[PDB]
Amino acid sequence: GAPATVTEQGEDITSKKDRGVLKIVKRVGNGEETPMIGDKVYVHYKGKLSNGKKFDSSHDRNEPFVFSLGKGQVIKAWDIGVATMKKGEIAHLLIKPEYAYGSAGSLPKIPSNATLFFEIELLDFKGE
């Protein structure tokens, strides 16, 4: 499945090089600009536990998910991963617990020590 493919082919985009956040570009975006810390970022995404027990999508409200990059308003993996993306890009992320919800988890939605997978489309980003 797509998570296994990221294990097998994904680039490690962590600074520590601990394979905590692995990425595959699934559709190339446009231009050279990737977002900076503080930019307002608009995405669609589909997310699940690596297990496959819970599944979440922005496409539920067919409404983009919006956040300010690099302010830790989302899990660290997203701050790291969305920062690497170009407008119009779609990417897969596979995420070790240290860059998501850790040993504590976020019960009852996210168990302890959970690995997460996401497909993310970067729709737009704009300066604050």
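Note that residue numbering follows the sequence shown and begins at 1.
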item: Stretch with the higher entry mean CA B-factor, where the candidates are 45 to 53 and 91 to 99; value: 45 to 53
item: Stretch exceeding the other in mean C-alpha B-factor - 107 to 115, 6 to 14; value: 6 to 14
item: Position of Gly70 among the chain's modelled residues by C-alpha B-factor, lowest, middle or highest third; value: lowest
item: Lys76, C-alpha B-factor rank within chain (lowest, middle or highest third); value: lowest
item: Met36, C-alpha B-factor rank within chain (lowest, middle or highest third); value: middle
item: Modelled-residue ranking by C-alpha temperature factor, third containing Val28; value: highest
